[PDB]
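Visitor: give me a 3D structure for the following:
(one chain, ligands or ions: 3)
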Amino acid sequence: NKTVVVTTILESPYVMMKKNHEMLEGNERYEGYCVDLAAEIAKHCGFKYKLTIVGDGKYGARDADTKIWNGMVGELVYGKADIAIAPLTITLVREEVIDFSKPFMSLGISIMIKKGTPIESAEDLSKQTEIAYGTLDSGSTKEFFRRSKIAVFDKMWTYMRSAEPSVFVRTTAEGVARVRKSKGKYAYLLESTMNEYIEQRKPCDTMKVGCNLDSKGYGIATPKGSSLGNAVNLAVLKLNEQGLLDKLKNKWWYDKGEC
Ligand SMILES: N[C@@H](CCC(=O)O)C(=O)O
Ligand SMILES: [Zn+2]
Ligand SMILES: [Zn+2]
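Guide: Residues are numbered from 1 along each chain as shown. Ligands and ions are numbered 1, 2, ... in the order given. This is the structure:
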């Protein structure tokens, strides 16, 4: 038994730097839902692990011209990591290069606006141009719009790919920031789980409108032919049945009525 390298990513409340991370070392520098999930999964698969923040800070997308993966998916495909424990969305194209456990949490694409903005749904965004909108750069949200042929989404993608300045953001925070300072002239498309978290914390200036654009899940990913495959799925399954994943979700998303 060799130390397992866990690639993950900074995204609240999945993985956050502890308040005193400066005086801490290793896996102790972090906290969050996925930090807790990793300890559980590790304990049930009987392995010691090392939490490693993805080098390029991305989830993963296959380059159009080079067909080479970046982000966490790439860490996995190119042997730089043994397993990904993060809010990584299970999608068809990712399933062709890596393997996923059964999902551990659900979500769907959603819309974030600054309170006051006149937008209630994706359709509203598609038939107007005053209010700009975009998504996280190399993630599944972006790939949902790029690949969609549904009229409204297709129309949203056509505008997004050519807007100026670029409507895509390097990180979630960046996107959330853009909404807050853009006086309502920028709406952000991100996953519901993350939308709900922001929406209920200070400054309470944003909100989620409309229903989710689709439905999917987050899964623990491993390289093709990994030896952890069965063990993590059994682990994720057990955790599901015991109701641990829900309790865990309820803890990290616990709302202080802040808003
Ligand atoms: N969960 C997404 C990243 C977030 C997003 O694209 O909105 C992924 O695995 O790519
Ligand atoms: Zn710090
Ligand atoms: Zn346990």
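Visitor: walk me through the domains of the chain.
Guide: According to curated CATH domains, the chain comprises the domains 1-107+217-256, 108-216.
Visitor: can you pull out the strands in the stretch 101-250 of the chain?
Guide: Ranges of strands within the stretch 101-250 of the chain are 105-107, 109-114, 132-135, 186-191, 206-209, 216-218, 221-223, based on DSSP state E, counting those that start in this stretch.
Visitor: so can I have a markdown table of the domains of the chain showing distance to ligand 1 and mean neighbour count?
Guide: Bear in mind the C-beta positions are built from the backbone N, C-alpha and C, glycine included. Formatted as a markdown table, these follow (distance: least, C-beta to the nearest ligand atom, whole Å; neighbours: other C-beta atoms under 10 Å):
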| stretch | distance to ligand 1 | mean neighbour count |
| --- | --- | --- |
| domain 1-107+217-256 | 3 | 17 |
| domain 108-216 | 2 | 17 |
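Visitor: what sits against the residue most central in space within the chain?
Guide: Centroid-nearest residue in the chain: residue 87, 4.4 Å away (criterion: C-alpha atoms, centre = their mean). By C-beta atoms under 8 Å, 6 or more residues apart in numbering, the contact set of residue 87 is 9, 11, 14, 34, 105, 107, 191, 193, 194, 218.
Visitor: residue 73 is nearest to which of the strands of the stretch 101-250 of the chain?
Guide: For the strands of the stretch 101-250 of the chain, the distance to residue 73 is smallest for strand 221-223, at 7.3 Å, taking C-beta to C-beta.
Visitor: list of residues touching that closest one?
Guide: Strand 221-223 has contacts (C-beta under 8 Å, 6+ apart) with 72-73, 76-77, 79, 82-84, 88, 94, 98-101, 228-229, 232.
Visitor: my read: residue 218 touches residue 102, true?
Guide: No. Using C-beta atoms under 8 Å, residue 218 makes no contact with residue 102, being 10.6 Å away.
Visitor: got the contact list for residue 226?
Guide: Shown in contact with residue 226 (C-beta under 8 Å, 6+ apart): 82, 83, 99.
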